[PDB]
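Residue numbers (the entry's author numbering), protein chains in the order written: chain QD, 2 to 209; chain QE, 5 to 155; chain QL, 5 to 129; chain QY, 1 to 84; chain QZ, 1 to 84. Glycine included, every Cβ here is placed at the ideal spot set by N, Cα and C.
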RNA sequence: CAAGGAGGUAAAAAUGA
RNA sequence: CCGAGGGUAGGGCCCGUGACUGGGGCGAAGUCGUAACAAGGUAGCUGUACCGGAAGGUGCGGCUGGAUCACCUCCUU
RNA sequence: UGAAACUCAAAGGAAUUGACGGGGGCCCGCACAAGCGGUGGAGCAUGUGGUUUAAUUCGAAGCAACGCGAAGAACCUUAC
RNA sequence: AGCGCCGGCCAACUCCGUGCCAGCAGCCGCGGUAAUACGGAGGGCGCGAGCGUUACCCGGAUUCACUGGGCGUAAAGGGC
Ligand code: SF4
Ligand SMILES: [Mg+2]
Ligand SMILES: [Mg+2]
Ligand SMILES: [Mg+2]
Ligand SMILES: [Mg+2]
Ligand SMILES: [Mg+2]
Ligand SMILES: [Mg+2]
Ligand SMILES: [Mg+2]
Ligand SMILES: [Mg+2]
Ligand SMILES: [Mg+2]
Ligand SMILES: [Mg+2]
Ligand SMILES: [Mg+2]
Ligand SMILES: [Mg+2]
Ligand SMILES: [Mg+2]
Ligand SMILES: [Mg+2]
Ligand SMILES: [Mg+2]
Ligand SMILES: [Mg+2]
Ligand SMILES: [Mg+2]
Ligand SMILES: [Mg+2]
Ligand SMILES: [Mg+2]
Ligand SMILES: [Mg+2]
Ligand SMILES: [Mg+2]
Ligand SMILES: [Mg+2]
Ligand SMILES: [Mg+2]
Ligand SMILES: [Mg+2]
Ligand SMILES: [Mg+2]
Ligand SMILES: [Mg+2]
Ligand SMILES: [Mg+2]
Ligand SMILES: [Mg+2]
């Protein structure tokens, strides 16, 4: 399946915090405040200047591990976006953001995208009244993503909803914390989300 | 203010009785990513001197780049010796599709998306001069009618 | 040339030729060894490279390299011929895949053992 | 095949013991391969010219050479030290 | 003269080399006394009979001895270890 | 003052680790 | 009558193989000489002919992918 | 007219900096020529090679190693 | 949870063993005492119910050039 294992090593290697765990990320035990250098025995050796291939590889790997996705689904979304009207990179992020597990993370039903993926897979997440237990379901505008009526009284689900009580969601989303529901209003444009990836370098990475 | 990127640093050799007596050459390119790019070639007995000499020559040798929203206005193809370069304008969202040397020149000039191709000899020195004279030959619709006015 | 000259004679296409005729358009081919020995390399190299003359299925009798450290091959050994040239040895245009019919895998190897045909060792892991 | 040691050879063979033993093991490795195929094998066997003419040389190290000669039944060693 | 080793000769001379330190150089000063005084000297010089037609022997340890025969300018070594 | 076209040539001496 | 096929005789093309023999390439610092690169010690190369262990040498003609970079022999102050 | 097997990781063109020439122009040094005294021949000293030896400790190897490390080997030195 | 790789192309470095041996190999090439190139280990990179290898096709190959090549000396002007 997807990547299972140490996750701080991924952010430490890319040199940027990718926020892949949740509260441990905004903690001082985050380990990018502790050790902001690549992992391994040669971490505190001095950075040899990366090639043009290393630059493109690093930013592609960074964007891929932010969403925690495999590399054929990543590249299938990529040519799905390229054989598509509009700007290839901005479309790409719009199809990546349309994933059900990502909409669950963004709505604050989860602390992490991996927790979001588990909650969707376990049927705690319902889309437009019916169950969708597949974390790759492309959510289209106007869909109401909610929580199952069997899973409404869950200690983890409520604590994350009461933690999301007061914080704002993105302009392409709506959230009803009291109803345990949200709506995919529109596709996110590229000014709406400002992840630390230069979308142009991953376009010209896959352009071999 | 000016981002300067080194591209080719080689070691040459000069024979005299006793052995080789070496010298290093550095080709650098400078830019502001807003329509201005320059390239220099400095040779000194060691590389930090070489890249400093090359940067000094690079800011002397600079060019106008008439960017249009993300790219070049028309496609241009110039032959410099046996080295030849293709530039083709691309729609917004394709990226700098170029090799090693026109990529470093065009993205420091500010190009978002472009289509290139290196033909003939692919020596980094003469391809770089070919791209620079190709960037020098780019005309807009303003310059076109200002020359075809007759006045 | 001129356009009329290309109408008349036209252009020649590349005519690619195979580096592996003994396999006869097959990925692998079974063969029985006939001579198993050690040969020595070419221009700037020195060793005792282990090869075997194999008379195989397509009626060809070729020489093939035995990769790895140590082998169990003799004059009546059944082997599979993989394909691939050895730069330092003349006439050796093929390889012997290990972990097959009578060519056992290399013992005590643990790094890249999909090549050289070695099983997965389990020392409580 | 018989082994014949000269005194120049034997003093240098016993000079290699007491000083650098990996060299006596290389010498033993070259003699063991020379014992089966005398003009083929390890240590780059090439025929010598201009003064050693009629002798063969196997390189022990990048400097040192094993100069030998061979008959139908014997193997005489001329040197096992230096560059000829 | 010169040293001549048989095939068992050197291989078991190589056995003592891979096995023990005092054996091989004790062996070698016997070789050194044997080249100067071929029939007399250190470690039991004796011509023997009925097994040996004109061949000689010398001591290392009473379990292992040193069998050899000497000609014009030659020193052949027949054995490096024990009797029979 | 200044040059070009024309023409008579060293010997006997080989090798490279 | 035609007719599958079988039999006899004679040809054409292709393939495997053969005592021996001819050159090629590889392993190659074996032996012999010094042909070419410096006027490479006879400028070199070439077509052709003859000869010679061998590179090669020579005859005739051709080419510059060589040479008027010093005294001195034929014609000018 | 005109291939193939096989083999090689190059084969090449112009140009650069050197080095070399039994190529040239100009010019030096006891380099030659002019001149004096020598070595190689004898005897002995000292160093080296070789050989011998228990051991003849080790190094230096064309110029630019060879009375050179020794501007002091009877036991000391001294490593054999 | 496995597989390939960590000299350069090509993302990823240290120690030990070995020592022109054993071996690697697509090219350049590496190995004759500290080998980031062999073998192992630690660590790392790339993918992941897969990962590598071989065989074949297209690409890179504007090295058959219509788009899109050349012919004084690099292969190439027919002797006229
Ligand atoms: S931000 Fe989160 S995933 Fe990144 S290093 Fe910190 S704790 Fe780990
Ligand atoms: Mg052109
Ligand atoms: Mg080698
Ligand atoms: Mg002569
Ligand atoms: Mg018939
Ligand atoms: Mg000559
Ligand atoms: Mg003549
Ligand atoms: Mg000549
Ligand atoms: Mg002729
Ligand atoms: Mg004649
Ligand atoms: Mg003539
Ligand atoms: Mg003519
Ligand atoms: Mg013919
Ligand atoms: Mg004089
Ligand atoms: Mg005298
Ligand atoms: Mg003294
Ligand atoms: Mg790298
Ligand atoms: Mg390997
Ligand atoms: Mg080591
Ligand atoms: Mg490798
Ligand atoms: Mg799958
Ligand atoms: Mg292949
Ligand atoms: Mg094509
Ligand atoms: Mg054309
Ligand atoms: Mg061409
Ligand atoms: Mg030519
Ligand atoms: Mg030509
Ligand atoms: Mg003509
Ligand atoms: Mg004709």
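As assigned by DSSP and simplified to three states, the class of residue i
i: residue 135 of chain QE; result: helix
i: residue 47 of chain QZ; result: strand
i: residue 129 of chain QE; result: helix
i: residue 36 of chain QD; result: coil
i: residue 123 of chain QE; result: strand
i: residue 111 of chain QD; result: coil
i: residue 53 of chain QZ; result: coil
i: residue 108 of chain QE; result: helix
i: residue 79 of chain QD; result: helix
i: residue 26 of chain QD; result: helix
i: residue 9 of chain QD; result: helix
i: residue 74 of chain QD; result: helix
i: residue 41 of chain QY; result: coil
i: residue 116 of chain QL; result: coil
i: residue 35 of chain QL; result: strand
i: residue 81 of chain QZ; result: coil
i: residue 17 of chain QD; result: coil
i: residue 22 of chain QZ; result: helix
i: residue 42 of chain QL; result: strand
i: residue 98 of chain QL; result: strand
i: residue 96 of chain QE; result: coil
i: residue 74 of chain QY; result: strand
i: residue 68 of chain QY; result: strand
Expected contact under 8 Å - CB spacing of residue i and residue j to nearest Å
i: residue 93 of chain QL; j: residue 48 of chain QL; result: Residue 93 of chain QL to residue 48 of chain QL, Cβ: 14 Å. No contact.
i: residue 69 of chain QD; j: residue 114 of chain QD; result: 5 Å
i: residue 98 of chain QD; j: residue 21 of chain QD; result: That pair is no contact at about 17 Å.
i: residue 66 of chain QY; j: residue 2 of chain QY; result: At roughly 17 Å, the Cβ-Cβ gap does not stay under 8 Å, so residue 66 of chain QY and residue 2 of chain QY are not in contact.
i: residue 77 of chain QE; j: residue 140 of chain QE; result: So it is not a contact: roughly 14 Å between Cβ atoms.
i: residue 118 of chain QE; j: residue 87 of chain QE; result: Their Cβ separation, rounded to whole angstroms, is 18 Å, which puts residue 118 of chain QE and residue 87 of chain QE out of contact at 8 Å.
i: residue 42 of chain QZ; j: residue 33 of chain QZ; result: 5 Å
i: residue 90 of chain QE; j: residue 55 of chain QE; result: Not quite, the Cβ-Cβ distance comes to about 29 Å (not below 8 Å), so this is no contact.
Per-residue burial, residue i [other beta carbons within 10 Å of its own, 16 or more giving buried]
i: residue 123 of chain QD; result: exposed
i: residue 189 of chain QD; result: buried
i: residue 20 of chain QE; result: exposed
i: residue 64 of chain QY; result: buried
i: residue 75 of chain QD; result: buried
i: residue 80 of chain QE; result: buried
i: residue 84 of chain QY; result: exposed
i: residue 99 of chain QE; result: buried
i: residue 63 of chain QD; result: buried
i: residue 144 of chain QD; result: buried
i: residue 75 of chain QL; result: buried
i: residue 127 of chain QD; result: buried
i: residue 95 of chain QD; result: buried
i: residue 54 of chain QD; result: exposed
i: residue 48 of chain QZ; result: exposed
i: residue 26 of chain QY; result: buried
Which complete beta strand (DSSP E) runs does the region 153-206 of chain QD hold, if anything under 3 residues is left out?
174-177 and 182-185
Write down every uninterrupted run of the beta strand (DSSP E) in the region 22-65 of chain QE whose length is 3 residues or greater and which is fully enclosed by it, in chain order.
If we require 3 residues or more, the beta strand (DSSP E) runs fully inside the region 22-65 of chain QE come out as 23-35 and 40-48.
Considering only heavy atoms of ligand 3 and the C-beta of each residue, which residues fall inside 7 Å, strictly closer?
Listed by position along the chain, the residues with Cβ atoms less than 7 Å from a non-hydrogen atom of ligand 3 are QL:48, QL:49 and QL:50.
Within 7 Å of ligand 2: residues by beta-carbon to any heavy atom:
QE:83, QE:88 and QE:124
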